[PDB]
Structure formats: structure tokens, C-alpha cells
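> Residue numbers (the UniProt record's numbering), protein chains in the order written: chain F, 643 to 685, 689 to 738; chain E, 644 to 683, 690 to 737. First the structure, which I've put down as C-alpha cells, then a few questions once you've had a look.
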């Protein structure tokens with residue numbers, strides 16, 4: 643059960659890109675795996694996965710000029726499943 | 644997430660190795676992806698979870714390879730405050 647990242651703010655570096663700045667929530671139940679950012683116009690919406698969870702900002706590339714956007718974020722905790730049976734298979738010539 | 648049962652392996656010739664597995668029964672909710680480990690370690694997960702087989706690339710010939718898999722579930726937390734920003 644991951645809480646949302648607090649204190650969100652975006653600012654456009656160029657007409658075709660906007661960087662997004664966020665902060666860590668204080669007490670979190672367990673570690674998080676990644677962040678998920680989404681872009682919408684929004685009169689379908691695109692999802693962009695931020696790989697490194699230890700990150701406080703990222704730059705959204707590939708946007709349209711002179712267009713307004715709305716952004717949202719969420720923390721993600723992936724639960725690893727049990728390992729399956731081990732199998733062996735060698736590669737030959 | 645329960646482990647994917649009945650795992651199987653079968654290589655091509657001298658490059659790629661293909662794996663095959665049966666889905667696990669009785670699982671609480673969906674799963675996000677299947678993670679696969681390859682020791683000559691390196692984890693290489695399959696993006697699409699509704700899958701029964703995948704191709705393992707990058708393998709030197711004449712080498713004893715072994716595989717193991719596991720399921721995963723991305724616990725997507727709550728969304729953050731919505732924010733607006735203009736471009737020009």
C-alpha cells in the first residue's frame with residue numbers, strides 16, 4: 643500500500659518538453675519499485694514509467710508546442726512471487 | 644504470487660534459448676510480469698504477463714545454462730495531486 647508522492651510541480655524547459663519535480667513521502671510501508679507518470683491534455690492518456698525510485702525529478706520528452714498538459718504521479722510496490730522449479734538446458738553447436 | 648509450474652527449456656542452436664511454462668492456478672488478483680533469472690546472474694523479465702513462452706537471447710555455445718522463474722504483482726498506490734503547466 644504505497645502512498646502518493648507529495649509536493650508535485652511541473653515546469654516547461656522547452657515547448658516540446660516539461661520536467662516534473664516531486665518529493666518522497668516520509669514513512670512508507672516497505673520499499674517501492676518504481677514511479678508512474680502520466681500525461682494528458684485532456685479534452689487515451691499516455692503512461693510513462695520512471696524506473697529509478699530513488700529519483701526526485703524527470704524530463705518528459707516528445708510533447709507538442711503551445712499545448713497545456715496535466716500530470717499525475719504514484720508510487721509502486723511490486724510483490725515478488727515464489728520461485729519455480731529449476732531446470733537445466735545447455736546450448737550446443 | 645504462486646510460482647509458474649511446469650517449467651521447460653529448449654535452445655535453438657548457438658544464440659537464443661526458448662523457455663516454456665504453465666500458468667499458476669488460484670492467485671489473489673492479477674500479475675504484472677514474469678521475472679526470469681539466467682546464470683552462466691542476470692534478471693530478464695517478460696513484459697506481457699499473459700504469456701507462456703519467451704526467448705532468451707545472448708548465450709555463448711557449449712555452456713551449462715539453468716533457469717528459474719517467478720510471478721510478480723505491481724501494487725499501484727494512490728495518484729498524487731493533479732498539476733497543470735503550460736508550454737510555449
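The C-beta atom is built at its ideal place from N, Cα and C for all residues, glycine as well.
Can you give me the C-alpha to C-alpha distance between residue 723/F and residue 722/E, rounded to a whole angstrom?
Working through the first chain from its first residue, we reach residue 723/F at position 78. Working through the second chain from its first residue, we reach residue 722/E at position 73. Each residue's Cα considered, the two are about 5 Å apart.
> Distance cutoff 8 Å, beta carbons only. Does residue 651/F sit that close to anything in chain E?
The sequence position of residue 651/F within the first chain is 9, counting from 1. Yes - at least one Cβ of chain E is within 8 Å of the one on residue 651/F.
> Measure the C-alpha to C-alpha separation of residue 645/E and residue 673/E and round it to an integer number of angstroms.
As a first step, residue 645/E must be located in the second chain, where it is residue number 2. As a first step, residue 673/E must be located in the second chain, where it is residue number 30. One C-alpha to the other measures close to 11 Å.
> Relative to the C-alpha of residue 726/F, which residue among 718/E, 729/E, 690/E and 683/E is closest?
Here residue 726/F corresponds to residue number 81 of the first chain, with the count starting at 1. Selected option, being the one with the closest Cα: 718/E.
> Among 730/F, 729/F, 720/F and 716/F, whose alpha-carbon lies nearest the alpha-carbon of residue 671/F?
Within the first chain, numbered from 1, the residue matching residue 671/F stands at position 29. Answer by Cα proximity: 720/F.
> Below 9 Å on C-beta distance, what does residue 657/E contact in chain F?
The sequence position of residue 657/E within the second chain is 14, counting from 1. In chain order: 736, 737 and 738.
> In terms of residue numbering, what span does the beta strand (DSSP E) encompassing residue 649/F cover?
The residue you call residue 649/F lines up with position 7 of the first chain. Segment 648-656, the beta strand (DSSP E) holding residue 649/F.
> If you run the structure through DSSP and keep just helix, strand and coil, what is residue 706/E?
Sequence index remark: in the second chain, residue 706/E carries index 57 (1-based). The answer is coil: DSSP assigns residue 706/E none of H, G, I, E or B.
> When Cβ atoms are compared, which residues of the segment 703-716 of chain E fall closer than 9 Å to chain F?
Here the close residues are 708, 709, 710, 711, 712, 713, 714, 715 and 716.
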